[PDB]
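Below, each chain spelled out in residue letters.
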Amino acid sequence: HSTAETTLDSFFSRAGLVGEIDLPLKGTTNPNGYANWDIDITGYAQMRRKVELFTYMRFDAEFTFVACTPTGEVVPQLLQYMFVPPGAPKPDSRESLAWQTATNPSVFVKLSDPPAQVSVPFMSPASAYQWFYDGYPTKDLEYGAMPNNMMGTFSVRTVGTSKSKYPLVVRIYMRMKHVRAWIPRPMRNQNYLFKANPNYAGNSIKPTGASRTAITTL
Amino acid sequence: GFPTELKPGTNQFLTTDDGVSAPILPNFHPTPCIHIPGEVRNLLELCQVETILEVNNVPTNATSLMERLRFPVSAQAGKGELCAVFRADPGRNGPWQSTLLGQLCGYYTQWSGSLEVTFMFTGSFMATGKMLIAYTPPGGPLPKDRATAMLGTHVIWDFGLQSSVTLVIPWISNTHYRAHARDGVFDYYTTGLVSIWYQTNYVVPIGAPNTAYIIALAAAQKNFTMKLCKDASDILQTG
Amino acid sequence: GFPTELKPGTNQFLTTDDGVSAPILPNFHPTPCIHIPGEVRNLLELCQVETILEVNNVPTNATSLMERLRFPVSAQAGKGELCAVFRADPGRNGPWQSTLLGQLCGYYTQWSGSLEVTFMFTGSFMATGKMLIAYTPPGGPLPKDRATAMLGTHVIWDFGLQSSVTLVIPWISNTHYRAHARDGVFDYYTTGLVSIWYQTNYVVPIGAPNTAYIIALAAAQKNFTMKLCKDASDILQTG
Amino acid sequence: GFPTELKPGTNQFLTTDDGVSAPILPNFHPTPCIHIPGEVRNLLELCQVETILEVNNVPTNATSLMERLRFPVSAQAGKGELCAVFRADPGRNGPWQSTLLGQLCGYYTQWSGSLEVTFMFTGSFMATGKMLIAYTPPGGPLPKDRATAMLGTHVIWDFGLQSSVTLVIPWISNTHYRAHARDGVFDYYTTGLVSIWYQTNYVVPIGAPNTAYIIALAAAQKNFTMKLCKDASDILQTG
Ligand code: NA
Ligand code: NA
Ligand code: NA
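Residues numbered from 1 in each chain as written, not as in the entry; some residues may be left out. Chains lettered and ligands numbered in written order. Part of a larger assembly, values for the part shown. Heavy atoms only, no water.

As documented in the archive entry, the model was determined using X-ray crystallography at 2.88 Å resolution.

What follows is the structure in structure tokens.
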């Protein structure tokens, strides 16, 4: 008789893996002991199609940082997770004064301490985030870009002046909370090609679902 | 201080724990919400909205995809012929896959309730005739002929008199658990069948087309529900 | 003891957590506060206080810096000439940088409200004439001439009749987000423009100077607000 | 924060701690319970239900196992002969092992209360005679003969008059602790004895069988109880 599992909050609950920061010792990848992850809810594969069932959405997010080495080993390392809110300058070096700017909330935590966790509010200057924007921000390459959807950035790094003794990995999990949505729309039925637009492979336009031999044979 | 004992579970991170965490920007005041028309609060609202049922899920040719949205009835057909047939299986592969209802069932594991399918005849105004739409409950097998189909639950639809007609699937329940290959699914078995038969031949006067199409719309009834969230999709965000 | 489970976030140090901590000197009794005149409780108070707007932010020569605080009007100019022009952009580089309002916007990320600019004519008492001060809303482009400027929002200012006049910028909003180079800023676009034109020529009798200066004062209105603290400055404590 | 001191026991996992733990599926709503007939709420209910007492726990031959469910009385026997005998020891090896009561005692360590044993004569209707059923309290030894057995607690049962008769074991208590070999058990000693004697000979007319069987049913009374759960069994789930 109950219907709680079909509420928007239920449909969008749970903490999913949205980001993975690699901090290798030797390597081509993130060579400066730091990394800048712009917040992307699309990080969880499955999310894009789900949020896109609606046109406008509003919500908060709880971020959880699970860090360890690539073998899942736990080591005595101090880390810094800095949230640089939209409009703020991200660090460009392991020695950027941004890491020290007070207005960028930072959490300092040990890899041994349990996962760090914080809450990020609805950041948009608009009344709601919107996955679709039929327009251009004051043929073009700016079509469909709603910028007022920036949630901020998380700058990760080991603490200290000298490189860390250990190879690390920080997994970022995000739980959406206090969800509200408007204007439902048809559910994506063609594979995605680009993060920013609805472009679809015009050669490979597949039917929404499975087919059969004849309409009279089950 | 105050005496405490940490209990098992201490320090764990459960992806589904819905606790509370420290606010990053305590002084920040989010822009206020205004009123936006069309808020949805429960997916079941969408489930109750009729969408096109691709009963004719046959052509795959890219330029013929639009044909899946409608099946035909024609003069050529003789009284009694089976026109089309499909099962009431929202969550499984097939025609319902085109319906928003079928798509949403894909985000859940179990479900049940009544369904509704509306058939819209889009032939000429001058065209007339009768079709027999029949529902064969689960277990029951597709009727050998019109005659026997008539003995069961059915509707004689005169598209001369009314242009639309709605059939009600009394009940479907995707609850029986299965463990086939090595992958455990929660499948129906409650496949009731909807069969459409020509009761009369398609009648038309000179100047009217000899082929018309029927569009099928479907949705779940108000007593419909879904359980166990299950994120699954082939369409995922790209690299 | 009492059953407890430590939750994620345990042991973390969040620079913005405003919890409570153990007092170092529990018995110390801080000298009491007395009444000091002029307490400020909200920066917005300062934002509403008029300060000089360096409309004439042109000379950089150290000994001419004081000239930026005032722009001139002269006999030489002919009726209709454009006198000066500036945009209503408190937070961006330019004239507002001299205003305390502009400086405070620098400690925030977003803001909006009405503004106010007061123009003070400081020429001779014997001098007379008319200036047309015009506001062109955002999007609108600087008026080709006085004539067209007159078609919009404007004030005919007779510095013969009144020595000061105040213009109201109805609304500015630095909210639209941008992501240019690789540095994401939250810029205006809501640059309304204030253009000042000579309506009449500068009239003066024998013995009165042929050049006078106007001082511009500006401030935000009461409906003004700011969001998202952002510490930023080129002027920092030295080594 | 709030001052706390972790106490010993912190972080331990006690298999019998009945605390509360985080729910894996917080939104899941379990299908509702409906009414099923026959709910049991306390094992003692089952303990009070009579089951067959294998007084005749002698034959082991697979095809004779059913014979343990009943003992005989026959013409051949002479007045006074001892028919059968058994002790009131629900939890120990022997006849009670067949009873559901005995089996349940096996899941506990201590117990006490009154018992009840009903004897059902299943011979011919035409058969008649008298049996003396006697209870010898704990300590007391099996009576030398019918005569002395009669001096104690007893019932003269005329299976000519009534087909069933019930004896009540006033009290058994498996509480006295023992430490024999090196394995410490909690055994009876409260073995009261039930002896059945032929009071008269088995009387029958021509055409009636000369052997009849008695079925013994037993159960605990309402004042029965059990303590200290003890999981033990030879029958365990296989590899
Ligand atoms: Na928490
Ligand atoms: Na503290
Ligand atoms: Na304790």
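There's plenty left to go through after this.
The subject of this paragraph is the overall build of chain B. Helix and strand counts for chain B stand at three helices and twelve strands. In terms of overall size, chain B is more extended than a compact globule, its C-alpha atoms giving a radius of gyration of 24 Å where 239 residues would be expected to give roughly 18 Å. For the C-alpha atoms alone, the extent of chain B along its principal axes is close to 95 × 45 × 35 Å. Evaluated residue by residue, chain B yields a buried proportion of 47% over its 239 residues. Here chain B has roughly 11300 Å² of accessible surface; of this, 58% comes from carbon and sulfur atoms. Of the charged side chains in chain B, 15 are positive and 17 negative; the average position of the first set lies 8 Å away from that of the second. (Helix = DSSP H or I, 4+ residues; strand = E, 2+ residues; numbered from the N terminus. Rg over C-alpha atoms; globule rule 2.2 N^0.38 Å. Buried < 20%, exposed > 50% of the residue type's maximum accessible area, 1.4 Å probe, protein only. Areas by Shrake-Rupley, 256 points an atom, 1.4 Å probe, with all protein chains shown as cover. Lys, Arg positive; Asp, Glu negative; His and termini not counted. Charge placed at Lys NZ, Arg CZ, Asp CG, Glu CD.)

This paragraph deals with the coordination of the sodium ion (ligand 3). Ligation of the sodium ion (ligand 3) by protein atoms is provided by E5(B) (OE) and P8(D) (O), these donors lying 2.9 to 3.1 Å from the ion. Taken together, the positions of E5(B) in strand β1 (residues 2–6) and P8(D) in the loop between β1 (4–6) and α1 (44–47) put the pair across two chains. Given the relative accessible area of 77%, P8(D) is considered exposed. (Donors = N, O, S within 2.8 Å, 3.2 Å for Na, K, Ca; no water.)

Residue and element names in this part refer to chain A. Among the 15 residues of strand β3 (residues 54–68), 13 are classified as buried, and the element is accordingly described as predominantly covered. Sheet topology note: the β3/strand β9 (residues 168–184) ladder contains 13 bridges and is antiparallel. Of the residues in β9, the one forming a bridge with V66 is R171. In this sheet, strand β7 (residues 129–130) lies alongside β3 in antiparallel orientation, the contact comprising two bridges. (Pairing = 2+ DSSP bridges.)

It is worth spelling out the pairing of strand β6 (residues 108–121) of chain C at this point. Residue and element names in this part refer to chain C. In terms of residue burial, β6 counts as a mostly covered element, since 13 of its 14 residues are buried. As paired strands, β6 and strand β12 (residues 225–229) are joined by four bridges and run antiparallel to one another. By the bridge assignment, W111 is partnered in β12 with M226. Sheet topology note: the β6/strand β9 (residues 164–174) ladder contains nine bridges and is antiparallel. The partner of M120 across the bridge, within β9, is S164.

Counted by the stated rule, this structure contains 31 salt bridges over all chains. Taking the shortest distance from any N to any O, the salt bridge between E54(C) and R68(C) comes out at 2.8 Å. Remark: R68(C) occurs in the loop between β3 (51–52) and β4 (71–74) and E54(C) occurs in the loop between β3 and β4; sequence separation between them is 14 residues. In this structure, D158(C) engages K130(C) in a salt bridge whose closest nitrogen and oxygen atoms are separated by 2.7 Å. Taken as a pair, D158(C) in strand β8 (residues 153–158) and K130(C) in strand β7 (residues 130–136) lie far apart in primary sequence, 28 residues in all. One connected set of salt bridges, linked through shared partners, spans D89(B), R92(B), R178(B) and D187(B). (Salt bridge = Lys/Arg side-chain N within 4 Å of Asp/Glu carboxyl O.)

Right, let's get into the coordination of the sodium ion (ligand 1). Under perfect tetrahedral coordination by four donors, a metal shows angles of 109.5 degrees; under perfect octahedral coordination by six donors, it shows angles of 90 or 180 degrees. Protein-derived coordination of the sodium ion (ligand 1) comes from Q117(A) (OE1), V20(B) (O) and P8(C) (O), at a distance range of 2.7 to 3.1 Å. With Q117(A) in strand β6 (residues 116–120) and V20(B) in the loop between β1 and β2 (39–40), this residue pair bridges two chains.

Before going further, it helps to spend a moment on the packing of aromatic side chains. In the structure shown here, the tally under the stated rule is 41 aromatic pairs over all chains. Aromatic pair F108(A) and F13(C): ring centres 6.0 Å apart, planes at 25 degrees, arrangement stacked. Here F108(A) is found in strand β5 (residues 106–110), whereas its partner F13(C) is found in strand β2 (residues 13–14) on a different chain. For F108(A), a relative accessible area of 25% gives the class partly exposed. Ring-pair connections join several aromatic residues into one group, and the members of that group are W37(A), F63(A), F65(A), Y81(A), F83(A) and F154(A). If you follow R58(A) out to its NZ or CZ, it ends over the ring of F122(A), 4.2 Å from the centre. In this structure, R70(C) packs its charged tip against the face of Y213(C), placed 4.0 Å from the ring centre. (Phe/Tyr/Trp six-rings, centres within 6.5 Å; stacked < 30°, edge-to-face > 60°. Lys NZ or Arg CZ within 6 Å of the ring centre and 35° of its normal.)

Further remarks concern the interface of chain A and chain B. Listed per partner, the contact involves 69 residues of chain A and 71 residues of chain B. Counting the surface lost from both chain A and chain B, the interface buries some 5900 Å², and carbon and sulfur atoms represent 60% of this. Taken together, the connections running from chain A to chain B amount to two salt bridges. Ionic pairing is found between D231(B) and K50(A), a salt bridge with its closest N-O pair at 2.9 Å. In this assembly, chain A and chain B are joined by 36 residue pairs in polar contact. Contributions of two or more residues to the side of chain A that touches chain B are made by α1 (8–12), α2 (47–51), β3, β6 and β9 of chain A. Broken down by element, the side of chain A that touches chain B gets its largest block of residues, eight residues, from β9(A). Of the residues assigned to the side of chain A that touches chain B, the class counts are 34 nonpolar, 21 polar and 14 charged. (Contact = heavy atoms within 4.5 Å. Buried area = accessible area lost by both parts, 1.4 Å probe. Polar contact = N/O pair within 3.5 Å; in protein donor to acceptor, adjacent residues only side chain to side chain. Nonpolar A, V, L, I, M, F, W, Y, C, P; charged D, E, K, R; others polar.)

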